[PDB]
$ cat work.pdb   # PDB, C-alpha atoms
ATOM      1  CA  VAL P 392     -25.891  -0.755  10.804
ATOM      2  CA  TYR P 393     -22.916   0.298  12.935
ATOM      3  CA  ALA P 394     -20.847   3.487  12.796
ATOM      4  CA  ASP P 395     -17.146   3.848  13.617
ATOM      5  CA  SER P 396     -15.568   7.298  13.947
ATOM      6  CA  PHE P 397     -11.866   8.128  13.616
ATOM      7  CA  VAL P 398      -9.453  10.536  11.927
ATOM      8  CA  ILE P 399      -6.470   9.366   9.863
ATOM      9  CA  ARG P 400      -3.844  10.844   7.570
ATOM     10  CA  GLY P 401      -4.406  11.423   3.874
ATOM     11  CA  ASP P 402      -1.901   8.733   2.891
ATOM     12  CA  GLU P 403      -3.739   6.097   4.964
ATOM     13  CA  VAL P 404      -7.122   6.484   3.237
ATOM     14  CA  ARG P 405      -6.215   3.766   0.713
ATOM     15  CA  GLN P 406      -5.431   1.157   3.397
ATOM     16  CA  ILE P 407      -8.839   1.483   5.094
ATOM     17  CA  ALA P 408     -10.560  -0.480   2.328
ATOM     18  CA  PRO P 409     -10.847  -4.216   3.107
ATOM     19  CA  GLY P 410      -8.264  -6.558   1.641
ATOM     20  CA  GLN P 411      -5.331  -4.153   1.980
ATOM     21  CA  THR P 412      -2.604  -4.219   4.620
ATOM     22  CA  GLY P 413      -0.301  -1.691   6.223
ATOM     23  CA  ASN P 414       0.959  -0.175   9.438
ATOM     24  CA  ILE P 415      -2.455   1.354  10.203
ATOM     25  CA  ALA P 416      -4.384  -1.307   8.287
ATOM     26  CA  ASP P 417      -3.024  -4.169  10.425
ATOM     27  CA  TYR P 418      -2.377  -2.555  13.827
ATOM     28  CA  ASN P 419      -5.234  -0.033  14.171
ATOM     29  CA  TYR P 420      -8.300  -1.004  12.118
ATOM     30  CA  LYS P 421      -9.158  -3.833   9.731
ATOM     31  CA  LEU P 422     -12.207  -4.709   7.642
ATOM     32  CA  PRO P 423     -13.429  -8.161   6.556
ATOM     33  CA  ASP P 424     -13.198  -9.190   2.918
ATOM     34  CA  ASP P 425     -17.011  -9.491   2.823
ATOM     35  CA  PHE P 426     -17.517  -5.905   4.026
ATOM     36  CA  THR P 427     -20.956  -4.551   3.115
ATOM     37  CA  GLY P 428     -21.448  -0.879   2.331
ATOM     38  CA  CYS P 429     -18.954   1.973   2.243
ATOM     39  CA  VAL P 430     -17.015   4.485   4.312
ATOM     40  CA  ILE P 431     -17.229   8.271   4.077
ATOM     41  CA  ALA P 432     -14.162  10.506   4.394
ATOM     42  CA  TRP P 433     -14.088  14.304   4.416
ATOM     43  CA  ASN P 434     -11.291  16.760   5.115
ATOM     44  CA  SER P 435     -10.957  18.138   8.644
ATOM     45  CA  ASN P 436      -8.000  20.444   7.998
ATOM     46  CA  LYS P 437     -10.229  23.365   8.994
ATOM     47  CA  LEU P 438     -11.360  21.726  12.253
ATOM     48  CA  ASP P 439      -8.903  19.090  13.501
ATOM     49  CA  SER P 440      -5.703  20.717  12.237
TER      50      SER P 440
ATOM     51  CA  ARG F 343      19.620   9.835 -10.381
ATOM     52  CA  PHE F 344      17.075   8.071 -12.584
ATOM     53  CA  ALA F 345      17.522   7.721 -16.328
ATOM     54  CA  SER F 346      14.979   9.168 -18.733
ATOM     55  CA  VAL F 347      12.051   7.108 -19.986
ATOM     56  CA  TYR F 348      13.446   6.901 -23.527
ATOM     57  CA  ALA F 349      16.732   5.737 -21.935
ATOM     58  CA  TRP F 350      15.194   3.625 -19.180
ATOM     59  CA  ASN F 351      17.785   1.661 -17.228
ATOM     60  CA  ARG F 352      17.628  -1.955 -16.079
ATOM     61  CA  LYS F 353      19.290  -3.731 -13.150
ATOM     62  CA  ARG F 354      19.685  -7.486 -12.706
ATOM     63  CA  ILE F 355      18.770  -9.030  -9.342
ATOM     64  CA  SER F 356      19.623 -12.678  -8.745
ATOM     65  CA  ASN F 357      20.944 -15.178  -6.199
ATOM     66  CA  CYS F 358      19.626 -13.131  -3.280
ATOM     67  CA  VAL F 359      16.641 -12.928  -0.932
ATOM     68  CA  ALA F 360      14.698  -9.658  -1.075
ATOM     69  CA  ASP F 361      12.455  -8.357   1.712
ATOM     70  CA  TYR F 362       9.573  -6.139   0.602
ATOM     71  CA  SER F 363       8.969  -4.889   4.155
ATOM     72  CA  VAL F 364      11.835  -2.407   3.741
ATOM     73  CA  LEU F 365       9.989  -1.208   0.617
ATOM     74  CA  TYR F 366       6.396  -0.762   1.819
ATOM     75  CA  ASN F 367       7.633   1.477   4.650
ATOM     76  CA  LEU F 368       7.951   4.397   2.215
ATOM     77  CA  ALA F 369       5.255   6.934   3.087
ATOM     78  CA  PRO F 370       4.494   8.609  -0.288
ATOM     79  CA  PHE F 371       3.334   5.424  -2.017
ATOM     80  CA  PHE F 372       0.213   6.558  -3.879
ATOM     81  CA  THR F 373      -0.067   4.521  -7.105
ATOM     82  CA  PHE F 374       0.693   0.858  -6.403
ATOM     83  CA  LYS F 375      -1.052  -2.156  -7.936
ATOM     84  CA  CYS F 376      -0.057  -5.586  -9.204
ATOM     85  CA  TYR F 377      -1.427  -7.754 -12.016
ATOM     86  CA  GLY F 378      -0.022 -11.283 -11.788
ATOM     87  CA  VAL F 379       0.635 -11.175  -8.033
ATOM     88  CA  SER F 380      -0.730  -9.600  -4.856
ATOM     89  CA  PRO F 381       1.353  -7.240  -2.689
ATOM     90  CA  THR F 382       0.259  -8.969   0.526
ATOM     91  CA  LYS F 383       1.714 -12.300  -0.673
ATOM     92  CA  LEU F 384       5.051 -11.066  -2.053
ATOM     93  CA  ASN F 385       6.994 -12.033   1.094
ATOM     94  CA  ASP F 386       6.419 -15.784   0.590
ATOM     95  CA  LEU F 387       7.140 -16.285  -3.118
ATOM     96  CA  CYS F 388      10.167 -17.391  -5.124
ATOM     97  CA  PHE F 389      11.329 -16.097  -8.502
ATOM     98  CA  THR F 390      13.729 -17.587 -11.029
ATOM     99  CA  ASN F 391      14.991 -14.116 -11.972
TER     100      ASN F 391
END
$ encode --input "work.pdb" --output "structure tokens"
Amino acid sequence: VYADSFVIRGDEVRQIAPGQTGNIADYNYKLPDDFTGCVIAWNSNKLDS
Amino acid sequence: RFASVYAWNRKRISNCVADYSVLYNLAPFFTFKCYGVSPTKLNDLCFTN
């Protein structure tokens, strides 16, 4: 298993899932259609912002 | 202005080429799904009306 760490906007959480496309989904990070597993997202407004 | 739901309006689009790139650029897109088509393949399709 591999782990990838990054922080994105709230509006871009829907494009992370494989099969979707977008400005961040096509130029920053992409996932294969046969992706196995799941991603975990939690708010960092307290810490990052 | 947008008309009310009980008085929903309707506009006819024909004899023109529409680009969906100028549409997807809108940031606050939250609810967006398609039944008979796929959003990723809407830039290479033709419609009678």
$ interface_residues --input "work.pdb" --of "chain F" --to "chain P" --cutoff "8 Å" --atoms "all atoms listed in the file" --output "mmCIF file with C-alpha atoms, in the coordinates of the input"
data_model
loop_
_atom_site.group_PDB
_atom_site.id
_atom_site.type_symbol
_atom_site.label_atom_id
_atom_site.label_comp_id
_atom_site.auth_asym_id
_atom_site.auth_seq_id
_atom_site.Cartn_x
_atom_site.Cartn_y
_atom_site.Cartn_z
ATOM 1 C CA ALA F 369 5.255 6.934 3.087
ATOM 2 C CA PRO F 370 4.494 8.609 -0.288
ATOM 3 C CA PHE F 371 3.334 5.424 -2.017
ATOM 4 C CA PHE F 372 0.213 6.558 -3.879
ATOM 5 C CA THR F 382 0.259 -8.969 0.526
#
$ resolve_selection --input "work.pdb" --expression "the PyMOL selection byres ((chain F and resi 353-358) around 10)" --output "PDB file with C-alpha atoms, keeping the file's coordinate frame"
ATOM      1  CA  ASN F 351      17.785   1.661 -17.228  1.00  0.00           C
ATOM      2  CA  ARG F 352      17.628  -1.955 -16.079  1.00  0.00           C
ATOM      3  CA  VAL F 359      16.641 -12.928  -0.932  1.00  0.00           C
ATOM      4  CA  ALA F 360      14.698  -9.658  -1.075  1.00  0.00           C
ATOM      5  CA  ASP F 361      12.455  -8.357   1.712  1.00  0.00           C
ATOM      6  CA  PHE F 389      11.329 -16.097  -8.502  1.00  0.00           C
ATOM      7  CA  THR F 390      13.729 -17.587 -11.029  1.00  0.00           C
ATOM      8  CA  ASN F 391      14.991 -14.116 -11.972  1.00  0.00           C
TER       9      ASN F 391
END
$ residues_around --input "work.pdb" --residues "residue 404 (chain P)" --least-positions-apart "4" --cutoff "12 Å" --atoms "only C-alpha atoms" --output "ChimeraX atom specification"
/P:397-400,408-409,411-413,415-416,420,430-434 /F:371-372
$ atom_distance --input "work.pdb" --atom1 "CA of residue 439 (chain P)" --atom2 "CA of residue 418 (chain P)"
22.6 Å
$ atom_distance --input "work.pdb" --atom1 "CA of residue 350 (chain F)" --atom2 "CA of residue 365 (chain F)"
21.0 Å
$ atom_distance --input "work.pdb" --atom1 "CA of residue 380 (chain F)" --atom2 "CA of residue 345 (chain F)"
27.7 Å
